[PDB]
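Keep in mind that the numbers below use all heavy atoms, side chains included, and drop hydrogens, waters and symmetry copies. Convention: sequence-line order gives letters A, B, ...; per-chain numbering from 1.
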Protein chains: 4
Amino acid sequence: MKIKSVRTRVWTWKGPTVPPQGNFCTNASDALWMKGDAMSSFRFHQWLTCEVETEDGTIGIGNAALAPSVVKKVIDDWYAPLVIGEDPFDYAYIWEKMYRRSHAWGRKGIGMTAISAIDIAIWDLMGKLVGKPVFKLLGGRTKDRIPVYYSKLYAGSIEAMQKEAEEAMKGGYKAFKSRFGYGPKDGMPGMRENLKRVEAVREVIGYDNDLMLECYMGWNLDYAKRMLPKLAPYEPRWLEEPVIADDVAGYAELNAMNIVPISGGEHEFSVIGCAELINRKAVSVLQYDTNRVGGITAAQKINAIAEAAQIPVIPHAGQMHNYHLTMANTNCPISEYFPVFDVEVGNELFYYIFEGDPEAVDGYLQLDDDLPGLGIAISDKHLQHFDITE
Amino acid sequence: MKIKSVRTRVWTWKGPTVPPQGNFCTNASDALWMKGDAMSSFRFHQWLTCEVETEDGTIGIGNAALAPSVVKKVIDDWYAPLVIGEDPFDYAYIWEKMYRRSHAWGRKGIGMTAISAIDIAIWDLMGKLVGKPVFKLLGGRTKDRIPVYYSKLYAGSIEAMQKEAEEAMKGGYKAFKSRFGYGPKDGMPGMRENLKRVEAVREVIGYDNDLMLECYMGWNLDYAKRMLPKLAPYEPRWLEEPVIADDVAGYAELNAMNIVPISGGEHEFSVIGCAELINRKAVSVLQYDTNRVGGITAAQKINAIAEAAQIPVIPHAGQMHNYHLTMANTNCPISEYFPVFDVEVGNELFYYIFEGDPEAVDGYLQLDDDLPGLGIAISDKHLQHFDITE
Amino acid sequence: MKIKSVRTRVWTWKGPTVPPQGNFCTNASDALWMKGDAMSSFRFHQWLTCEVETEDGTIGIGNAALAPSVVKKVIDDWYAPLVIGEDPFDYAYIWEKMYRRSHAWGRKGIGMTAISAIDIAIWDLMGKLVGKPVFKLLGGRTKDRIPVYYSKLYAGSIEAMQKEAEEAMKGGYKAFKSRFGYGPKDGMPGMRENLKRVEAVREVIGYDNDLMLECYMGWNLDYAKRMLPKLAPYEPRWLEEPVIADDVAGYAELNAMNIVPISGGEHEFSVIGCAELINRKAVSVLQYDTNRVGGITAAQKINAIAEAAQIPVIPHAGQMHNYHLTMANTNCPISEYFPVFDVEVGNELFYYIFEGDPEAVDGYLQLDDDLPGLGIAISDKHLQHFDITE
Amino acid sequence: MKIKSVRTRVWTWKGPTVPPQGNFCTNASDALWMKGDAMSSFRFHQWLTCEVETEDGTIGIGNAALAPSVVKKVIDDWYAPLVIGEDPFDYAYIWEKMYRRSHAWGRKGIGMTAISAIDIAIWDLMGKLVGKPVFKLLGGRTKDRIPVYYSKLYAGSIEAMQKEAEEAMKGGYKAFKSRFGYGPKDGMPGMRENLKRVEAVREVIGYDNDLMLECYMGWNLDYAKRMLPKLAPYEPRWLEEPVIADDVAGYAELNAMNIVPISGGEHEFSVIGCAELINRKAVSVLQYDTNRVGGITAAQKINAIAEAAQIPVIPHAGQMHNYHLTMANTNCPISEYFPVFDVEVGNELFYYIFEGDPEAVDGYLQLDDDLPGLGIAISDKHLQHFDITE
Ligand SMILES: [Mg+2]
Ligand SMILES: [Mg+2]
Ligand SMILES: [Mg+2]
Ligand SMILES: [Mg+2]
């Protein structure tokens with residue numbers, strides 16, 4: 001049984017969205033002085049689906065969110081030819097072909113993202129071909145159920161943030177992640193605005209629950225080092241992406257301070273790429289997203305490396321392409337969970353494109369031991385809200 | 001489909017054997033002053049087979065060579081109960097159950113060896129259950145064929161060693177491994193006896209081929225450091241196990257000298273165990289044996305770690321439990337090949353117990369893309385040469 | 001005078017026991033999701049006695065608790081032949097014979113445990129042969145009496161834990177060790193349950209006494225790093241085995257943080273094995289158990305290494321095989337003391353098998369300057385509570 | 001004066017080319033077992049031109065060779081909008097806008113390549129706007145003329161390689177770079193084939209001239225370490241890209257051996273990206289290509305970092321986008337020079353698209369002190385050999 005085709009489509013949301021607000025989420029563009037929504041270039045109002053079909057009609061479903069139209073071009077023009085005609089079960093070799101043939105320009109970023117979408121599809125395909133859930137092929141059930149942390153709580157008025165925290169608490173979660181809305185340019189006043197909101201969330205979820213904090217590459221080494229001592233009293237479980245992805249040295253410096261655990265990796269690429277974060281102890285928690293880092297083939301290898309180093313792997317984003325990996329490794333304790341929501345930043349956009357991603361129940365997710373593949377299908381429920389290009 | 005039983009048997013060779021000779025192979029016992037064959041406690045004239053059967057009668061075949069009778073007792077009394085009743089495809093969880101429940105006493109040695117035999121069996125079983133060769137489940141075909149290095153050439157008279165080298169050359173190999181017969185206790189005279197034999201082998205295979213040298217834990221840090229400069233002129237590809245397995249610090253010191261690459265790992269256990277050798281750069285080439293280190297589940301993870309570090313993995317021993325792993329990873333360039341031979345040290349004993357292990361052709365081995373599992377079966381060809389206990 | 005025989009027996013308790021309770025003691029199996037008593041595979045309801053007798057009838061008594069039936073098989077089949085016919089006073093050579101001949105599979109775990117039981121017996125034998133207490137042969141009296149810390153206080157209701165602490169205080173101890181009942185899987189709520197119990201014990205013993213905390217390999221690097229800052233206010237003297245034994249790198253990372261001293265080693269094997277923990281500063285306090293690490297011959301060497309590094313040695317378990325070593329070295333300040341108790345976890349099981357182990361008086365233990373050997377004998381007081389297999 | 005438009009075109013060569021040959025140039029795809037020309041995915045038979053025009057009609061010319069069609073899409077869809085309407089002299093800010101807004105997916109690879117083409121164009125534009133050569137704006141004339149090393153000598157028959165070397169010598173160069181045609185998979189026989197060709201080139205150019213050796217990511221850490229001692233006798237000035245670009249740790253290990261200087265960087269991206277190679281001493285010579293690494297803005301910063309570390313910068317490729325930078329920094333001693341040639345690998349393709357790149361005279365290149373900008377223009381001499389898409 002050989003692969004016959006690779007169908008890649010870009011889905012562009014054209015339905016209503018939540019209007020952007022200022023001091024909502026710190027980001028890498030804050031350092032500039034551009035007008036408008038600072039999250040503009042980071043929102044996901046587009047998504048990519050990648051369907052790999054074999055001669056017998058079986059179809060595997062992969063996906064990606066980073067620069068969809070460009071990633072699609074890479075898949076169509078460069079990678080599809082390296083995949084078509086191959087046995088899905090030569091997945092490691094197929095992965096290596098893409099990685100090496102395009103090494104000059106694709107080892108990180110666009111290239112690796114395209115590899116990710118294809119690879120995820122190939123795994124869904126393999127699972128379907130042998131009638132096994134992807135997580136079973138990866139090792140099976142290491143957890144009776146997957147705990148998740150509520151991931152949202154963007155910065156806003158104290159009233160709005162506490163209102164959301166109260167609502168989130170009703171979900172039964174024992175961990176919550178909130179975003180900062182102020183950074184370096186805001187100086188000390190901004191530091192106080194940040195601390196006031198960390199405290200506000202703590203007032204609602206209390207100290208019997210975990211609180212993770214998200215910077216989304218919006219701070220820098222200097223500001224982050226000065227914030228750590230101020231954040232420690234609030235006992236955050238981790239501080240995510242305090243610096244831009246290129247500043248790995250900064251990550252290592254911050255993490256070695258042992259004031260507040262540093263997490264990151266959603267913007268790191270390839271097995272070696274993540275292996276470096278692990279070996280250099282750049283992070284206390286690794287958060288690659290399988291649809292960016294290189295796919296399930298790469299993520300499985302990364303999980304082995306992180307497990308040996310005993311650095312927890314908690315993938316970025318709550319989707320089946322991550323849940324299956326987490327289920328199969330003891331060093332993957334919990335998953336990130338983006339609640340179903342209106343199209344805001346876009347992390348929830350996949351809920352409108354796919355059917356099958358589990359929803360949290362009392363703070364836990366579950367996988368089906370018998371459902372082959374990833375257990376997802378492309379949805380036709382919101383076609384009227386999308387402009388799909390092929 | 002659940003596992004129904006675990007059948008473990010110890011096969012004891014009672015047929016003719018090659019009489020022991022002195023200064024044949026250096027080993028960890030050389031440091032003592034015991035009489036008799038120095039390789040006595042290291043020979044493999046016994047082997048263990050482990051058959052894991054599911055309710056439908058499908059059987060997976062695993063094996064082990066270290067302390068067979070003791071390993072069998074551990075499997076029968078401790079691990080079998082943790083395996084029976086489980087889904088073979090929860091292999092990572094099954095592995096973790098054994099590893100953690102027995103962590104106090106089994107993380108290395110007897111315990112991990114028992115885990116290895118069971119795990120290998122579970123993988124053969126999974127392959128058969130879904131009709132796929134084990135290497136396909138692990139990643140597929142990364143090589144058109146597997147190159148191998150001829151592994152024998154024990155120390156002896158110059159005439160005998162050169163005669164064997166001439167014969168080995170007819171096999172078409174481009175790499176050969178030879179053993180030393182003199183160590184620390186033999187002082188400088190022994191160093192010269194060693195160098196004379198390295199040179200003798202080189203005279204036959206020439207410098208257009210690779211030559212690996214084996215110490216089998218028979219030297220020590222001191223002697224090895226003094227030998228390195230003397231060996232370098234002969235351009236050996238690597239020096240294997242120059243020190244006892246516990247002396248990891250010694251490994252690291254020797255390897256860091258960058259005079260002759262140091263290899264090892266056949267006596268290291270668990271994923272973390274091998275991860276340490278990799279991270280500490282204790283070896284330039286990692287050589288765990290899948291039927292010792294923790295099985296295919298562990299070996300697959302170790303291969304990911306070694307690949308990211310770019311330290312080649314060339315498993316100890318040439319058997320299907322290693323070949324399949326090697327085939328699926330680009331960082332596994334060649335395999336060790338023990339030629340079919342009379343029962344001498346015992347590394348060739350598995351040829352008398354199993355059918356299916358490929359034989360070298362012009363220095364290469366091949367795997368069948370369609371044969372499910374490991375592609376081996378227990379042989380009934382030499383039952384009269386064994387006393388099998390169950 | 002030569003050794004004539006080695007008699008090994010496994011004693012299986014069949015008398016009443018204390019029913020298992022949940023959240024009693026964190027352990028390496030907590031990470032799984034198995035049903036039943038989490039301490040099941042760790043309890044010691046069996047014990048091994050090893051009697052080495054010389055031609056003149058003198059008998060030395062050794063023992064071991066890890067996987068008794070398997071350890072016995074190793075002693076009977078592999079090590080006994082290397083010991084019989086030898087002079088007990090060639091103990092270092094006898095030790096080396098076992099260590100090197102079985103190095104491929106016994107350097108840690110089952111093998112080293114078997115070596116331990118035999119070696120301890122050989123020392124008791126030597127002491128009897130020359131009419132000297134073992135501690136005298138090791139260096140003599142470095143302390144007027146041996147201080148001990150009360151070791152029990154498993155996790156339970158606050159009322160039960162404080163009740164035990166009150167009772168323990170009546171013993172006059174100036175140090176107490178308590179176990180955690182919650183770990184990683186319990187998240188922040190579990191962290192609070194842990195802290196509440198640390199505080200509860202502190203409320204009873206106060207701050208004029210020392211409090212040690214035990215994780216028994218039930219936490220992981222991540223969770224432990226996050227707990228350290230929370231534990232510091234309670235001023236614990238040390239945090240024991242926060243990670244599984246294989247994670248030595250984790251030990252080193254945690255210990256280097258200098259927030260709470262990290263202790264460990266009860267699950268480490270051989271002289272080099274412990275030397276690595278010392279050199280890598282993996283622990284602030286080393287706790288090997290002589291009947292696991294390699295016996296008195298190995299423990300004596302380890303004590304020399306730890307003393308030079310000035311890392312206190314406080315052996316795991318309170319038995320004569322440890323007390324004698326502690327008495328002879330200035331760097332061994334106190335001993336662990338398991339109070340005589342009903343058969344619960346099993347650490348107290350040896351009290352039912354041997355006679356002679358000293359009991360604490362006002363927080364101190366004493367050794368007899370004239371009693372030859374270890375000063376113990378096999379007891380016939382509880383034969384009706386055991387099924388002894390030979 | 002503001003930027004009005006960004007015109008990006010992809011030029012596809014459709015004229016005659018030199019037929020591919022085996023064992024011509026080692027590369028990252030050699031590790032696979034694909035059929036056909038191993039350099040297929042690495043050849044440059046396409047090129048990209050990027051023209052940035054201001055309101056007054058002044059046009060700056062930039063370019064790129066990596067994945068042209070994809071890079072073009074990124075420029076047209078993502079970066080053009082961030083550039084149009086801006087003052088060319090806010091180049092550092094323009095650069096930062098692109099780098100940060102697209103940081104999630106463009107920090108390396110496609111994204112940074114697109115930034116490179118635009119940035120180079122902006123510099124050519126600035127030079128034209130103020131009537132100054134780009135090198136003057138960067139610091140001026142630090143060298144009376146720029147020495148260059150002849151870069152070609154691909155692997156082939158000894159006769160062909162020596163014939164080319166003889167011809168190259170007539171050019172007056174004092175340095176030459178040659179490529180290997182054998183790698184890891186070829187084993188020792190391949191090592192000898194490599195050494196035979198290094199020696200053959202040395203026989204022609206002698207030892208009064210420098211010889212650099214190119215691996216083009218075709219070897220691995222293992223093979224490279226074993227080759228170093230064998231190459232040293234030939235006194236190569238450096239060994240280029242012995243490992244794939246992701247293996248920075250490997251680079252550092254190899255370079256630290258100090259056997260043969262290691263060079264690399266043509267596949268590294270961004271200022272921080274190259275800063276890491278410098279700080280980690282991954283290379284003895286840094287070779288980024290300005291039309292890949294991030295443009296002249298980034299290259300200028302990288303040159304400052306390399307100069308302080310005293311690690312020579314010798315940019316990959318001989319084109320004006322590199323020559324101007326080299327001319328302005330004392331730590332940039334020589335430039336790589338691809339001779340004008342038929343379309344073979346494609347490194348010479350730019351000669352058919354642009355007019356103005358200087359040609360070597362007796363081993364030196366010269367820049368015009370009065371010619372504004374980069375001193376190049378798009379050529380109409382070979383339009384019939386190209387299919388240009390806009
Ligand atoms: Mg994040
Ligand atoms: Mg070996
Ligand atoms: Mg303990
Ligand atoms: Mg190059």
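- Annotation for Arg101(B) and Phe42(C): closest pair O-CE2, 3.6 Å, computed over non-hydrogen atoms.
- With chain B as the partner, the residue from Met217(C), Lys108(C), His103(C) showing the most heavy-atom pairs under 4.5 Å is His103(C).
- Of the atoms belonging to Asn279(B), not a single heavy atom falls under 4.5 Å from chain C.
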Q | From CA spacing to verdict: side chain to side chain contact (heavy atoms under 4.5 Å, CB included), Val70(B), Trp105(C) | A | CA-CA 10 Å; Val70(B) 179; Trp105(C) 52 264; 5.9 Å; no
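- At least one donor-acceptor pair under 3.5 Å links the side chain of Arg107(C) to the backbone N or O of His267(B).
- Within residues 87-97 of chain C, the residues that have a heavy atom under 4.5 Å from a heavy atom of chain B are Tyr93(C), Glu96(C), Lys97(C), listed by number.
- Top candidate by heavy-atom pairs under 4.5 Å with chain B, chosen from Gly111(C), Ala67(C), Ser40(C), is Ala67(C).
- If you tally non-hydrogen atom pairs under 4.5 Å between each of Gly106(C), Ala275(C), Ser69(C), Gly109(C) and chain B, the highest count goes to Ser69(C).
- Ranking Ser29(C), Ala38(C), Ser102(C), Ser41(C) against chain B, the residue ahead of the rest is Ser41(C), based on heavy-atom pairs under 4.5 Å.
- Contacts of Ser270(B) with chain C are made by side-chain atoms alone, with heavy-atom separations under 4.5 Å and no backbone atom involved.
- Using a 4.5 Å cut-off between heavy atoms, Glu241(B) makes no contact with chain C at all.
- Here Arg43(B) pairs with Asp37(B) under the salt bridge (charged side-chain N to carboxylate O under 4.0 Å, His left out) rule; sequence neighbours left out.
- Looking at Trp33(B), both its backbone and its side chain come within 4.5 Å of chain C, counting heavy atoms on both sides.
- Put simply, the side chain of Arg100(B) never gets that close to the backbone of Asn27(C): no donor and acceptor are under 3.5 Å apart.
- The minimum heavy-atom distance between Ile244(B) and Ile272(C), with the atom names listed, is CD1-CD1, 4.1 Å.
- Here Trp11(C) pairs with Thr49(C) under the side chain to side chain donor-acceptor pair (under 3.5 Å) rule; sequence neighbours left out.
- Minimum interatomic distance between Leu66(B) and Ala104(C) (heavy atoms only, all atoms of both residues): CD1-O, 3.8 Å.
- The OH atom of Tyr99(B) lies 3.5 Å from the CG atom of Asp246(C); values are rounded to the nearest 0.5 Å.
- For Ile110(B), the parts lying under 4.5 angstrom from a heavy atom of chain C are both the backbone and the side chain.
- Heavy-atom neighbours of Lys281(C) NZ from other residues, nucleotides or ligands within 6.0 Å: at or below the threshold of 12.
- For the pair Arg280(C) and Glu276(B), the salt-bridge criterion is met [side-chain N within less than 4.0 Å of a carboxylate O].
- Checked against side-chain contact (heavy atoms from CB on, under 4.5 Å), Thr389(C) has the following partners two or more places apart in sequence or in another chain: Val10(C).
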